[PDB]
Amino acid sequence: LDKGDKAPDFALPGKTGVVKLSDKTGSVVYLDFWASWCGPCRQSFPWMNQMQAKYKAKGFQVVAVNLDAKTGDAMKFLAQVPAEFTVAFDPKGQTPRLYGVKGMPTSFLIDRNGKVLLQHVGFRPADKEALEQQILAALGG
């Protein structure tokens, strides 16, 4: 996918029911691909929680697609780590291929129209400032 292309839609199981990218149309979406064994994911979660609470009123949603072989293991992770945003489970790892994911983690910022604005590989504290800047811009400043 290139900036501007439409983010492929999907329907994945959630903790509550089903999670569909399409249902998030209208809101800037921070789509994240993570797994419980990925150390950087332990740092990105507190931050994603921060962004979600800070920008949810402006029509912003974090959608975190988990890629653990067993959702049970991800549930363990979530039992210890707060995730105050939508979480989807893709045990077969079907969506990351659709998105051309090439690293773990990898996140995508999708605009209110459902088009890709950016693809971010990996996560380190130094990524927070630039990423929030991108979020803020997509929300209509």
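Quick note: we count residues from 1 along the sequence shown, nothing fancier.
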Inset, instruction - Check the entry's C-alpha temperature factors for 74-82 and 36-44, then say which stretch has the higher mean. - result: 74-82
Legend entry - 17-25 set against 124-132, stretch whose average Cα temperature factor tops the other in the entry: 17-25
Legend entry - Identity of residue with top Cα B-factor, from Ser107, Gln61, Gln50, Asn113: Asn113
Legend entry - Third assignment of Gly103 from its chain's C-alpha B-factors: lowest
